[PDB]
Each structure stands twice: as structure tokens, then as C-alpha cells.
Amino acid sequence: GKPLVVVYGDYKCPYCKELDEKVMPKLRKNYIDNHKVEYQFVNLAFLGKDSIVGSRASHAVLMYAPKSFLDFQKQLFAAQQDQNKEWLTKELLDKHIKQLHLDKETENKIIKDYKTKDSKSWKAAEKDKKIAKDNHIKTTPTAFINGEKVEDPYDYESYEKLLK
């Protein structure tokens, strides 16, 4: 089927922010939004206890407002602060969710889901950590297309080379 592009990272990871800024605009326009590839972001949530909270919020947005997911990612990475600060607070995340300007009830659904223990977004965030571990991912950010390593994960062309 369709090529699977996987990016391993963390919203607090500085380099992961660079990948988003340098690669996603073109990757999104040329392969993701036109449905030529599947895109999956696996959050290791390893840079502080707030990392996992941001991951839950992110997964909630993905499951309830998928068409707003990439904007959510871009805007969240853009707000990145010092990784030694637990800057991924519920206050900031709720604000970012409300910035998506979704219908009121969808917005409330997302907000409640990521704050609810064992919810689907809660489970998805935990699972991401298992995926990275089982896939033996030793550095972030790293990207793969159908399991093949992207030579330079910071260069859109490196992804293209693999996608044809």
C-alpha cells in the first residue's frame, strides 16, 4: 500500500523542532495532505515529565481532529522553550488546542480526553514509548519510510529520494 513515513521525536527536542520547520511544510504539501503517504509521529516523551502530557494532548488532537493535527504540531514546536523547563503545561496545551478554532464540543472532547487517565490518547502516548523501544530507536529525531532510514531527516529531498 501507501508508503509509511515515521518520525521519532519529542515536542521538547530542539532538533525535532528543526526537522518540523525544515521538512514538514514540503512533505505535507507534496505527500501527506494529498494522501500519497501515511505519516506517523512517535513521541519518545523522554525530555521531562511534561513531555508525556504534551504527547497525550497531541494524540487527542490526532484522533478527534486529524485535519488539524499537522497545524497543531507546527504551532506546538514553534512554542518550544528550554527543555529543562516543564513548559508543556495543561494551560499551554489547552491554549494551543483552542488555537485550532474547532467547534466547541470537539475542543472540549480533546481537552478532557488527554487529561483522563487511561483514555485512548493516554494509552496512545504510553504506546509511543514502547514503539520506539521495540524498534530500537537510539537517537531522535530519526525518520523512516517503509522501514528504510532517511539519509538526512532534516532535508526534504532525502525523503523524496526514497519516495521517488
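Numbering starts at 1 and runs along the sequence shown.
Participant: Name the higher of the two by mean Cα B-factor in the PDB entry, 105 to 113 versus 134 to 142.
Facilitator: Comparing 105 to 113 with 134 to 142, the higher mean C-alpha B-factor belongs to 134 to 142.
Participant: Select between 77 to 85 and 90 to 98 the stretch whose C-alpha atoms have the higher average B-factor in the entry.
Facilitator: In the deposited entry, the stretch with the higher C-alpha B-factor mean is 77 to 85.
Participant: Among the choices 58, 40, 30, 43, identify the one whose CA B-factor in the record is greatest.
Facilitator: Reading the PDB entry, the winner on C-alpha B-factor is 30.
Participant: In terms of the CA temperature factor given in the entry, to which third of its chain does residue 126 belong: lowest, middle or highest?
Facilitator: Middle third by C-alpha B-factor.
Participant: When the modelled residues of the chain are sorted by Cα temperature factor, does residue 47 land in the lowest, middle or highest third?
Facilitator: As the PDB entry reports it, the C-alpha B-factor of residue 47 lands in the highest third of its chain.
Participant: Per the entry's values, where does residue 156 land by CA temperature factor relative to the rest of its chain, in the lowest, middle or highest third?
Facilitator: Within its chain, residue 156 is a highest-third residue by C-alpha B-factor, going by the deposited values.
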